[PDB]
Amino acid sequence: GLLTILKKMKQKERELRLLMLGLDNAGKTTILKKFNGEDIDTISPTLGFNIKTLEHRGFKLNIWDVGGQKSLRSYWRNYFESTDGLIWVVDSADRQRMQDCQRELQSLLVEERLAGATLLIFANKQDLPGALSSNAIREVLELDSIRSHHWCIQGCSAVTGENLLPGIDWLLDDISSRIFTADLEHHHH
């Protein structure tokens, strides 16, 4: 209605909303905690959701981190609306759940409210020797067969904060390009 229409016909150019999802124990909350450079020890599995509003390259990034515990996944959709970028986090060492991680990601991509989102995949926990390579994870999840969304896979280690920023920088640029593209076709036709 009036209230929600008002909100988007009013968001400022450089406010972006990012939804971070993934299986429980993937390291979602560790990752955004590291972004601010908040300490990340004493982190507990999320039963609800965390909101952390950022600042990066002139952008205010409002990041929503939703618990990935299985009994919670049906509520993920209450957070789909107004997502400029979807961040899918993966525990690279969690080899036995790669299929479910795959199933979960796939159902998100046919979701209508997520039609526009840029997809960033964080193959987290690369610091673990049992961690599958990004390529192996790209193979599983069958990312190469996604043409509905722009995506990229970034191997990282939230615990050390290694490679998180390059992931985010790719995501912001892709989001910017999409908006740029839309504006282009709007003013011309």
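Start at 1 and count along the sequence shown; that's the residue number.
When the C-alpha B-factors of 11-19 and 164-172 are averaged, 11-19 comes out higher.
Per the PDB record, of the two stretches 107-115 and 84-92, 107-115 carries the greater mean B-factor over its C-alpha atoms.
As recorded in the PDB entry, 53 shows the highest C-alpha B-factor of the residues 157, 133, 53, 50.
Going by the entry's values, 60 shows the largest Cα B-factor out of 60, 138, 125, 28. Among the modelled residues of its chain, residue 41 has a C-alpha B-factor that falls in the highest third, as given in the PDB entry. Residue 32 sits in the highest third of its chain by CA B factor, as recorded in the PDB entry. In this PDB entry, residue 65 carries a Cα temperature factor that places it within the lowest third of its chain's modelled residues.
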